[PDB]
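**Student:** sharing an experimental structure here, sequence included.
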Amino acid sequence: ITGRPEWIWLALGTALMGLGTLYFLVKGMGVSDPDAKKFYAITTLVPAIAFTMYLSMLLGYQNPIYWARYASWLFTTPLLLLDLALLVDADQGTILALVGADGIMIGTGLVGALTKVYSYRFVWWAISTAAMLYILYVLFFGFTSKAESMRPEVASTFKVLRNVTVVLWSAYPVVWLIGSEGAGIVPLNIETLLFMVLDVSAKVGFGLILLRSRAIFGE
């Protein structure tokens, strides 16, 4: 069982999310600045949720085990968006629109994986991707304008986090379409690998970049 690739990628993801959570935890200890504390709270929570989910997948190890990963996307995507929103001091109206689109993206992707008719899979994938495209459009064009009018450290760190987010998030629909939920081109164990690397980079990698920066401070 432990020799199966699928199990291995799940074990590695669990270790990486756990390690990251704890590192963020230790890095956050001592930090007294109010604004910084907010980023540490959200950014540490993200990989903690994913750790819990990946662990549960291992404990439980088509195939209901992966619904746990989807549940982690549901919880973490909006938190990652809040992180970015807090960095650029985005207004509540745009934040609500982003989380609203995020809900559609997550919800329809799930529906796309449930459907018992190969054809509609891509219909739900198209709606979910359209929702993702809106979020990324807001982050790349909308948040950038606001970020550039702010402190150099904020504008600089946001651009890096922005590029990372756009690239990593864009990879999910691609992996889904070539995976078992889509066209079944890439085997399940390879797809499980891609989502894991994508998940860690998007949470731990994203978190490292953010928490290593002076942009989280009120200055």
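**Tutor:** In hand now; what should we look at? Numbers count the residues shown, from 1 in each chain.
**Student:** touching, residue 200 and residue 20? I think so.
**Tutor:** Yes: assessed by C-beta atoms under 8 Å, residue 200 is found in contact with residue 20 at 7.4 Å. Placement of C-beta: from N, CA and C, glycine included.
**Student:** residue 195 contacts residue 174, correct?
**Tutor:** No: checked against C-beta under 8 Å, the pair residue 195 and residue 174 is beyond contact range at 11.2 Å.
**Student:** list phi and psi for the nearest residue to residue 61 once chain neighbours are set aside.
**Tutor:** Once flanking residues are discounted, residue 61 sits nearest to residue 7: 5.8 Å by C-beta to C-beta, 6 or more residues apart in numbering. Main-chain dihedrals, residue 7, degrees, to the nearest 10: phi -70, psi -40.
**Student:** now residue 150
**Tutor:** Note on residue 150: its backbone torsions stand at phi -100, psi 180 [degrees, to the nearest 10].
**Student:** nearest residue to it in space, please, no chain neighbours.
**Tutor:** Closest to residue 150 by C-beta to C-beta, 6+ apart is residue 88, at 6.9 Å.
**Student:** and for residue 18?
**Tutor:** Residue 18 sits nearest to residue 51 (C-beta to C-beta, 6+ apart), 4.7 Å away.
**Student:** for residue 199, what are its contacts?
**Tutor:** With C-beta atoms under 8 Å, 6 or more residues apart in numbering as the criterion, the residues that contact residue 199 are 13, 17, 50, 69, 72.
**Student:** ugh, wrong one, residue 98
**Tutor:** Applying C-beta under 8 Å, 6+ apart, the residues near residue 98 are 78, 81, 85, 135, 138.
**Student:** hmm, back to that, from residue 140, how far out is the residue nearest to residue 61?
**Tutor:** Relative to residue 140, residue 7 is positioned 37 Å away (C-beta to C-beta, to the nearest Å).
**Student:** thank you, goodbye.
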